[PDB]
Amino acid sequence: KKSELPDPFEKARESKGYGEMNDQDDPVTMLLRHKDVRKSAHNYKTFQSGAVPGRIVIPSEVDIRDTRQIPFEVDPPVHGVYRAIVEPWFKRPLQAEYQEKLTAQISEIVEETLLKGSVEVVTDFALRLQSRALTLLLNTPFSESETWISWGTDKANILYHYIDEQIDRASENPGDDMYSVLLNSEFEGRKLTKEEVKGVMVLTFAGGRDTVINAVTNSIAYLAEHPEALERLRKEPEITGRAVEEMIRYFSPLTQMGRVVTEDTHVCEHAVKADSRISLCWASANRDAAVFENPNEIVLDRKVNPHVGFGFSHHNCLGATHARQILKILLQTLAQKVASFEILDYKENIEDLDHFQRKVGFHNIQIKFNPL
Ligand code: HEM
């Protein structure tokens with residue numbers, strides 16, 4: 001019950017196939033069925049991402065930022081060109097050397113947590129692991145993680161100005177870090193501008209922060225209440241890939257994402273007006289009972305798992321590779337070093353989605369790690 005994430009979208013998904021929420025005078029029609037979420041994600045002409053910066057997020061961020069995120073807020077065919085520039089950078093976590101460093105980080109944090117005995121997972125464990133792992137993706141010095149940890153779980157400008165500062169440092173003194181690589185990369189034969197680099201870099205910091213922190217935290221909670229799962233991962237390491245994907249499905253750490261409707265049409269026989277917003281509710285699609293057997297359970301070795309936790313079609317998650325390695329390594333490290341857990345005290349993080357109230361994880365959760 002404590003590690004459970006209920007599906008608040010069930011009645012509405014099965015009856016009408018959509019829901020509605022209000023957000024800053026820009027109301028949202030939420031798509032809830034797997035089939036419709038896929039068809040709409042693929043149809044960028046009708047449901048566009050290339051809007052006024054901030055608009056496709058929920059809550060909308062139009063009032064807090066001006067800079068267009070890349071490739072997130074760009075439509076094809078231009079989307080594919082920016083995407084081809086950055087995609088090899090994001091595939092780097094497939095390399096053995098990168099995975100060794102990450103194994104060493106995660107091993108270290110698990111061992112130190114075994115000495116403390118009990119920790120607050122969200123801040124003392126998940127935030128530390130996420131920040132340290134991000135130094136590898138960005139290829140910055142390890143110590144930069146302390147800055148990111150200090151930020152914790154006008155306010156956005158702290159991030160935007162820090163990004164501006166690193167872009168400036170890297171233009172003066174080019175090195176090997178992601179900033180430097182982006183400034184030297186080419187879009188149709190010219191170098192990316194600082195504004196474009198900022199577009200990629202703000203997105204990169206923001207898209208992987210809460211999502212990874214929630215996946216890591218939710219995974220430990222789950223393993224704490226399912227000793228049989230913990231033992232299966234110890235004795236059957238081959239299922240770990242599938243367990244990670246199943247955890248992304250069930251937890252769906254990015255609940256939903258907007259699009260802007262460009263023309264009058266219908267979805268589920270419900271009309272949607274041009275210039276309004278829809279949402280692709282990945283978390284509802286990933287519980288659809290026409291698609292997943294036992295959808296409200298974690299089936300640890302599920303082979304058939306067409307989930308949309310990392311999106312679908314054009315904008316599918318670029319951080320997916322990084323995230324998957326974090327989680328495969330975490331699950332295996334816990335299985336080889338921890339015998340059991342106990343959850344001592346917690347407070348839930350509930351997303352206020354108007355008629356729907358969605359547990360996405362925990363604001364805090366104290367957990368005891370007992371050693372093997
Ligand atoms: C469990 C972790 C994560 C989940 C569940 C997740 C989920 C998603 C989802 C659903 C999308 C699709 C958004 C859309 O359709 O508009 C997406 C896109 C994206 N994610 Fe993630 N994400 C995660 C981790 C990361 C991390 C760690 C990073 C970066 C370090 C990252 C960077 C991105 C980027 C750059 C895109 C945009 C791709 C494009 O526009 O072509 N994500 N993510």
# chains A, B, ... in the order shown; residues from 1 in each chain; ligands from 1
call {"tool": "closest_atom_pairs", "arguments": {"of": "chain A", "to": "ligand 1", "cutoff": "7 Å", "atoms": "only C-alpha atoms and all ligand atoms", "output": "CSV"}}
result
residue,atom,partner,partner_atom_place_in_ligand_line,distance
A:41,CA,ligand 1,15 (O),6.8
A:70,CA,ligand 1,40 (O),6.5
A:71,CA,ligand 1,40 (O),4.2
A:72,CA,ligand 1,40 (O),3.2
A:73,CA,ligand 1,40 (O),6.6
A:79,CA,ligand 1,41 (O),7.0
A:83,CA,ligand 1,41 (O),6.1
A:134,CA,ligand 1,30 (C),7.0
A:203,CA,ligand 1,35 (C),5.9
A:204,CA,ligand 1,29 (C),4.5
A:205,CA,ligand 1,30 (C),6.2
A:207,CA,ligand 1,31 (C),4.5
A:208,CA,ligand 1,27 (C),3.2
A:209,CA,ligand 1,27 (C),6.5
A:211,CA,ligand 1,2 (C),4.4
A:212,CA,ligand 1,2 (C),4.6
A:215,CA,ligand 1,1 (C),5.5
A:248,CA,ligand 1,5 (C),6.3
A:252,CA,ligand 1,5 (C),5.7
A:253,CA,ligand 1,5 (C),4.7
A:254,CA,ligand 1,5 (C),4.9
A:257,CA,ligand 1,16 (O),5.7
A:282,CA,ligand 1,10 (C),6.8
A:308,CA,ligand 1,10 (C),6.9
A:309,CA,ligand 1,5 (C),5.2
A:310,CA,ligand 1,10 (C),4.0
A:311,CA,ligand 1,10 (C),3.9
A:312,CA,ligand 1,15 (O),6.6
A:314,CA,ligand 1,41 (O),6.0
A:315,CA,ligand 1,41 (O),3.5
A:316,CA,ligand 1,12 (C),5.0
A:317,CA,ligand 1,18 (C),3.5
A:318,CA,ligand 1,34 (C),4.6
A:319,CA,ligand 1,28 (C),3.5
A:320,CA,ligand 1,24 (C),5.6
A:322,CA,ligand 1,27 (C),6.1
A:323,CA,ligand 1,27 (C),5.4
call {"tool": "write_last_selection", "arguments": {"atoms": "N, CA and C atoms", "output": "mmCIF file, in the first residue's frame"}}
result
data_model
loop_
_atom_site.group_PDB
_atom_site.id
_atom_site.type_symbol
_atom_site.label_atom_id
_atom_site.label_comp_id
_atom_site.auth_asym_id
_atom_site.auth_seq_id
_atom_site.Cartn_x
_atom_site.Cartn_y
_atom_site.Cartn_z
ATOM 1 N N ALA A 41 0.536 11.726 -30.301
ATOM 2 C CA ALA A 41 1.995 11.972 -30.248
ATOM 3 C C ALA A 41 2.669 11.905 -31.612
ATOM 4 N N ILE A 70 15.240 22.926 -26.914
ATOM 5 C CA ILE A 70 15.661 22.191 -28.114
ATOM 6 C C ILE A 70 16.189 20.782 -27.739
ATOM 7 N N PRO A 71 15.640 19.703 -28.330
ATOM 8 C CA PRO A 71 14.653 19.734 -29.431
ATOM 9 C C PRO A 71 13.174 19.761 -29.033
ATOM 10 N N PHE A 72 12.925 19.820 -27.737
ATOM 11 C CA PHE A 72 11.612 19.723 -27.130
ATOM 12 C C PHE A 72 10.490 20.579 -27.722
ATOM 13 N N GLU A 73 10.813 21.833 -28.061
ATOM 14 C CA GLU A 73 9.806 22.812 -28.501
ATOM 15 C C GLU A 73 10.016 23.111 -29.957
ATOM 16 N N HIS A 79 13.049 19.630 -36.208
ATOM 17 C CA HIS A 79 13.286 18.771 -35.049
ATOM 18 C C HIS A 79 14.349 17.703 -35.292
ATOM 19 N N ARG A 83 17.975 17.157 -33.401
ATOM 20 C CA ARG A 83 18.013 15.885 -32.726
ATOM 21 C C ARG A 83 19.236 15.064 -33.164
ATOM 22 N N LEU A 134 24.836 12.968 -13.249
ATOM 23 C CA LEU A 134 24.720 14.011 -14.287
ATOM 24 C C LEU A 134 26.083 14.585 -14.696
ATOM 25 N N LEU A 203 16.815 22.479 -20.887
ATOM 26 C CA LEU A 203 15.997 21.300 -21.052
ATOM 27 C C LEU A 203 16.631 20.089 -20.432
ATOM 28 N N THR A 204 17.917 19.930 -20.655
ATOM 29 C CA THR A 204 18.662 18.810 -20.108
ATOM 30 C C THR A 204 18.683 18.762 -18.556
ATOM 31 N N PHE A 205 18.932 19.905 -17.908
ATOM 32 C CA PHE A 205 18.849 19.994 -16.447
ATOM 33 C C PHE A 205 17.453 19.744 -15.926
ATOM 34 N N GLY A 207 14.658 18.243 -17.472
ATOM 35 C CA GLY A 207 13.944 17.047 -17.879
ATOM 36 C C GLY A 207 14.380 15.800 -17.115
ATOM 37 N N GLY A 208 15.597 15.796 -16.608
ATOM 38 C CA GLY A 208 16.125 14.669 -15.909
ATOM 39 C C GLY A 208 16.182 14.781 -14.395
ATOM 40 N N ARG A 209 15.717 15.891 -13.830
ATOM 41 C CA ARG A 209 15.926 16.117 -12.392
ATOM 42 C C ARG A 209 14.871 15.380 -11.544
ATOM 43 N N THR A 211 12.146 13.658 -12.628
ATOM 44 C CA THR A 211 11.888 12.334 -13.189
ATOM 45 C C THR A 211 12.839 11.247 -12.610
ATOM 46 N N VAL A 212 14.136 11.471 -12.691
ATOM 47 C CA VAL A 212 15.096 10.508 -12.140
ATOM 48 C C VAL A 212 14.989 10.390 -10.609
ATOM 49 N N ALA A 215 11.868 8.223 -9.960
ATOM 50 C CA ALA A 215 12.119 6.827 -10.337
ATOM 51 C C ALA A 215 12.986 6.112 -9.314
ATOM 52 N N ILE A 248 9.381 2.018 -15.124
ATOM 53 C CA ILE A 248 9.034 3.243 -15.823
ATOM 54 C C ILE A 248 7.558 3.285 -16.201
ATOM 55 N N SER A 252 5.627 5.949 -14.164
ATOM 56 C CA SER A 252 5.412 7.047 -15.143
ATOM 57 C C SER A 252 5.760 8.419 -14.586
ATOM 58 N N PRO A 253 7.032 8.604 -14.212
ATOM 59 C CA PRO A 253 7.485 9.787 -13.487
ATOM 60 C C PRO A 253 7.239 11.110 -14.189
ATOM 61 N N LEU A 254 7.133 11.118 -15.511
ATOM 62 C CA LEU A 254 6.553 12.285 -16.190
ATOM 63 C C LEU A 254 5.103 11.975 -16.542
ATOM 64 N N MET A 257 2.320 15.606 -20.817
ATOM 65 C CA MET A 257 2.937 16.704 -21.506
ATOM 66 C C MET A 257 1.955 17.291 -22.502
ATOM 67 N N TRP A 282 0.777 10.200 -20.291
ATOM 68 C CA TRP A 282 1.553 8.966 -20.309
ATOM 69 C C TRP A 282 1.166 8.059 -19.135
ATOM 70 N N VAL A 308 4.635 4.026 -22.704
ATOM 71 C CA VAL A 308 4.965 5.334 -23.210
ATOM 72 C C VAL A 308 5.501 6.256 -22.093
ATOM 73 N N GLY A 309 6.052 5.665 -21.029
ATOM 74 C CA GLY A 309 6.781 6.388 -19.989
ATOM 75 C C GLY A 309 7.885 7.326 -20.457
ATOM 76 N N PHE A 310 8.537 7.003 -21.588
ATOM 77 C CA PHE A 310 9.578 7.818 -22.221
ATOM 78 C C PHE A 310 9.036 8.461 -23.500
ATOM 79 N N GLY A 311 7.740 8.627 -23.590
ATOM 80 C CA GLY A 311 7.155 9.277 -24.752
ATOM 81 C C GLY A 311 6.931 8.304 -25.888
ATOM 82 N N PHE A 312 6.656 8.850 -27.050
ATOM 83 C CA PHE A 312 6.377 8.058 -28.239
ATOM 84 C C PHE A 312 6.661 8.904 -29.467
ATOM 85 N N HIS A 314 8.328 11.115 -32.298
ATOM 86 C CA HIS A 314 9.403 12.117 -32.536
ATOM 87 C C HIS A 314 10.168 12.571 -31.303
ATOM 88 N N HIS A 315 9.458 12.951 -30.265
ATOM 89 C CA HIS A 315 10.097 13.508 -29.078
ATOM 90 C C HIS A 315 10.421 12.470 -28.005
ATOM 91 N N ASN A 316 10.488 11.181 -28.346
ATOM 92 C CA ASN A 316 10.770 10.201 -27.295
ATOM 93 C C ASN A 316 12.047 10.570 -26.530
ATOM 94 N N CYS A 317 12.023 10.308 -25.226
ATOM 95 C CA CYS A 317 13.055 10.809 -24.296
ATOM 96 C C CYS A 317 14.514 10.552 -24.692
ATOM 97 N N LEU A 318 15.259 11.644 -24.892
ATOM 98 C CA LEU A 318 16.717 11.565 -25.137
ATOM 99 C C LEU A 318 17.532 11.125 -23.911
ATOM 100 N N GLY A 319 17.050 11.428 -22.722
ATOM 101 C CA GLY A 319 17.691 10.956 -21.477
ATOM 102 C C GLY A 319 17.437 9.493 -21.121
ATOM 103 N N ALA A 320 16.725 8.767 -21.994
ATOM 104 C CA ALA A 320 16.232 7.444 -21.652
ATOM 105 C C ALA A 320 17.370 6.467 -21.376
ATOM 106 N N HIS A 322 20.550 7.218 -20.380
ATOM 107 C CA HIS A 322 21.139 7.594 -19.089
ATOM 108 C C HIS A 322 20.330 7.047 -17.907
ATOM 109 N N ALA A 323 19.020 7.281 -17.990
ATOM 110 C CA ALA A 323 18.094 6.883 -16.947
ATOM 111 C C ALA A 323 18.048 5.366 -16.760
#
call {"tool": "closest_atom_pairs", "arguments": {"of": "range 20-133 of chain A", "to": "range 138-161 of chain A", "cutoff": "8 Å", "atoms": "only C-alpha atoms", "output": "tab-separated table"}}
result
residue	atom	partner	partner_atom	distance
A:64	CA	A:156	CA	7.2
A:123	CA	A:153	CA	7.4
A:127	CA	A:149	CA	6.5
A:128	CA	A:149	CA	6.4
A:131	CA	A:145	CA	5.1
A:132	CA	A:145	CA	5.4
call {"tool": "write_last_selection", "arguments": {"atoms": "N, CA, C and O atoms", "output": "PDB file, in the first residue's frame"}}
result
ATOM      1  N   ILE A  64       7.454  32.497 -17.083  1.00  0.00           N
ATOM      2  CA  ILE A  64       8.747  32.364 -16.410  1.00  0.00           C
ATOM      3  C   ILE A  64       9.943  32.242 -17.330  1.00  0.00           C
ATOM      4  O   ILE A  64      11.060  32.328 -16.844  1.00  0.00           O
ATOM      5  N   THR A 123      16.234  13.308  -0.560  1.00  0.00           N
ATOM      6  CA  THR A 123      17.358  14.262  -0.539  1.00  0.00           C
ATOM      7  C   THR A 123      18.737  13.629  -0.304  1.00  0.00           C
ATOM      8  O   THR A 123      19.686  13.915  -1.046  1.00  0.00           O
ATOM      9  N   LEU A 127      18.646  12.517  -4.751  1.00  0.00           N
ATOM     10  CA  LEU A 127      19.241  13.777  -5.220  1.00  0.00           C
ATOM     11  C   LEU A 127      20.764  13.699  -5.391  1.00  0.00           C
ATOM     12  O   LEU A 127      21.323  14.235  -6.353  1.00  0.00           O
ATOM     13  N   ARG A 128      21.435  13.020  -4.472  1.00  0.00           N
ATOM     14  CA  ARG A 128      22.883  12.807  -4.578  1.00  0.00           C
ATOM     15  C   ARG A 128      23.258  11.902  -5.772  1.00  0.00           C
ATOM     16  O   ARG A 128      24.211  12.182  -6.489  1.00  0.00           O
ATOM     17  N   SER A 131      22.469  13.929  -9.186  1.00  0.00           N
ATOM     18  CA  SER A 131      23.472  14.979  -9.396  1.00  0.00           C
ATOM     19  C   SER A 131      24.847  14.418  -9.755  1.00  0.00           C
ATOM     20  O   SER A 131      25.571  14.968 -10.632  1.00  0.00           O
ATOM     21  N   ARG A 132      25.263  13.358  -9.059  1.00  0.00           N
ATOM     22  CA  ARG A 132      26.540  12.783  -9.406  1.00  0.00           C
ATOM     23  C   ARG A 132      26.497  12.131 -10.797  1.00  0.00           C
ATOM     24  O   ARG A 132      27.430  12.280 -11.600  1.00  0.00           O
TER      25      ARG A 132
END
call {"tool": "closest_atom_pairs", "arguments": {"of": "range 8-63 of chain A", "to": "range 283-307 of chain A", "cutoff": "6 Å", "atoms": "only C-alpha atoms", "output": "Markdown table"}}
result
| residue | atom | partner | partner_atom | distance |
| --- | --- | --- | --- | --- |
| A:9 | CA | A:284 | CA | 6.0 |
| A:32 | CA | A:284 | CA | 5.2 |
| A:33 | CA | A:285 | CA | 5.0 |
| A:34 | CA | A:285 | CA | 4.1 |
call {"tool": "select_by_dssp", "arguments": {"residues": "range 197-340 of chain A", "states": "alpha helix (DSSP H)", "output": "VMD selection string"}}
result
chain A and resid 197 to 207 209 to 225 227 to 235 240 to 251 282 to 285 320 to 337
call {"tool": "write_last_selection", "arguments": {"atoms": "C-alpha atoms", "output": "short mmCIF file (atom, residue, chain, number, x, y, z; two decimals), in the first residue's frame"}}
result
data_model
loop_
_atom_site.label_atom_id
_atom_site.label_comp_id
_atom_site.auth_asym_id
_atom_site.auth_seq_id
_atom_site.Cartn_x
_atom_site.Cartn_y
_atom_site.Cartn_z
CA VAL A 197 22.97 25.85 -26.59
CA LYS A 198 20.98 27.32 -23.73
CA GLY A 199 17.84 25.75 -25.24
CA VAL A 200 19.42 22.30 -25.07
CA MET A 201 21.06 22.78 -21.68
CA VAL A 202 18.11 24.15 -19.68
CA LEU A 203 16.00 21.30 -21.05
CA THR A 204 18.66 18.81 -20.11
CA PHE A 205 18.85 19.99 -16.45
CA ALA A 206 15.10 20.21 -16.07
CA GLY A 207 13.94 17.05 -17.88
CA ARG A 209 15.93 16.12 -12.39
CA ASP A 210 12.52 15.24 -10.83
CA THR A 211 11.89 12.33 -13.19
CA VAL A 212 15.10 10.51 -12.14
CA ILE A 213 14.71 11.49 -8.46
CA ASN A 214 11.16 10.02 -8.42
CA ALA A 215 12.12 6.83 -10.34
CA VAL A 216 14.98 6.14 -7.94
CA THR A 217 12.91 6.84 -4.83
CA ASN A 218 9.84 4.90 -6.04
CA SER A 219 12.03 1.90 -6.89
CA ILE A 220 13.49 1.64 -3.40
CA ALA A 221 10.06 2.00 -1.81
CA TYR A 222 8.76 -0.82 -4.00
CA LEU A 223 11.66 -3.13 -3.19
CA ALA A 224 11.16 -2.38 0.51
CA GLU A 225 7.66 -3.87 0.46
CA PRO A 227 11.28 -8.92 -0.65
CA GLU A 228 10.40 -11.59 -3.25
CA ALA A 229 11.27 -9.04 -6.03
CA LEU A 230 14.53 -8.20 -4.36
CA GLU A 231 15.48 -11.95 -4.25
CA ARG A 232 14.40 -12.47 -7.91
CA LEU A 233 16.78 -9.67 -9.02
CA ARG A 234 19.62 -11.16 -6.95
CA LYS A 235 19.17 -14.69 -8.47
CA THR A 240 16.80 -6.38 -14.84
CA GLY A 241 16.21 -4.63 -18.23
CA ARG A 242 12.60 -5.69 -18.16
CA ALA A 243 12.16 -4.70 -14.52
CA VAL A 244 13.47 -1.22 -15.30
CA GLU A 245 11.01 -0.78 -18.16
CA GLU A 246 8.22 -2.10 -16.00
CA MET A 247 9.08 0.40 -13.29
CA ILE A 248 9.03 3.24 -15.82
CA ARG A 249 5.57 2.11 -17.00
CA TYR A 250 4.04 1.80 -13.59
CA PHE A 251 5.65 4.86 -11.99
CA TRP A 282 1.55 8.97 -20.31
CA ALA A 283 0.61 7.83 -16.78
CA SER A 284 -2.99 6.95 -17.81
CA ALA A 285 -1.93 5.36 -21.11
CA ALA A 320 16.23 7.44 -21.65
CA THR A 321 19.58 5.73 -22.05
CA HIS A 322 21.14 7.59 -19.09
CA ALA A 323 18.09 6.88 -16.95
CA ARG A 324 17.98 3.21 -17.83
CA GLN A 325 21.61 2.73 -16.85
CA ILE A 326 21.04 4.49 -13.53
CA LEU A 327 18.14 2.20 -12.74
CA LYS A 328 19.67 -1.12 -14.01
CA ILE A 329 22.79 -0.45 -11.90
CA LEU A 330 20.83 0.73 -8.85
CA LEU A 331 18.56 -2.35 -8.85
CA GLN A 332 21.54 -4.74 -9.16
CA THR A 333 23.61 -2.89 -6.53
CA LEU A 334 20.72 -3.05 -4.03
CA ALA A 335 20.11 -6.74 -4.80
CA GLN A 336 23.77 -7.69 -4.23
CA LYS A 337 24.27 -5.60 -1.00
#
call {"tool": "residues_around", "arguments": {"residues": "residue 59 in chain A", "least_positions_apart": "6", "cutoff": "12 Å", "atoms": "only C-alpha atoms", "output": "number ranges by chain"}}
result
A: 21-28, 255-258, 277, 279, 351-354
call {"tool": "atom_distance", "arguments": {"atom1": "CA of residue 66 in chain A", "atom2": "CA of residue 54 in chain A"}}
result
7.7 Å
